[PDB]
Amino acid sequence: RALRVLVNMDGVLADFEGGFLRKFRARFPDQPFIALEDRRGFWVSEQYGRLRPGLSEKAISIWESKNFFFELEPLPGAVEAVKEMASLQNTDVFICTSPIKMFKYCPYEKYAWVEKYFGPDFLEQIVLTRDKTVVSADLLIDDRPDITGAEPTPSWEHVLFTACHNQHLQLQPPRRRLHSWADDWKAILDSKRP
């Protein structure tokens, strides 16, 4: 009866693409890289793997490093928008994020990042899961085009959040985008209310 909205973290709240590129270039200044305008497909490591053998493993080593997740910059408007959204009447917001395989730093730093930008009281709103389809909600705002898992008919509508890797993608109607946090996210939420 409160509208429930799942908001993804990497590529929606946290600038994974830009943080990765900067750190990759700083660590591997003699390697070729992929400019953001040229990113295609969800998996960074796969595109880097195509660019030259060995580069996939080098890419992976950036996000496996300590402080990678913690030092991500918020995307413009993201912190303000989610704080406003959570404050709305009849609206519950959860941050729904999928950790990487190597778990030494990533879960911890994701909690630390949410504490930093949203405060201790928001920590209760975090859901860490590899499968978003088993999380029930009205909406999922997420930059990954294809979201699948154990539940063949998730309860949420997936609204595709624009990112460099999906900006050229034609979606199957009636699939819907949120173009950035400057875009009219309130209209999207309202479209789902009784």
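Start at 1 and count along the sequence shown; that's the residue number.
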So, looking at the entry's B-factor column for Cα atoms, which has the higher mean, 154-162 or 49-57? 49-57
Looking at the deposited entry, does 135-143 or 25-33 carry the larger mean Cα B-factor? 25-33
Comparing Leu6 with the other modelled residues of its chain, is its CA B-factor in the lowest, middle or highest third? lowest
Based on the deposited C-alpha B factors for this chain, I'd like to know if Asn67 is in the lowest, middle or highest third. middle
Ranking the modelled residues of this chain by C-alpha B-factor as given in the entry, is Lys104 in the lowest, middle or highest third? lowest
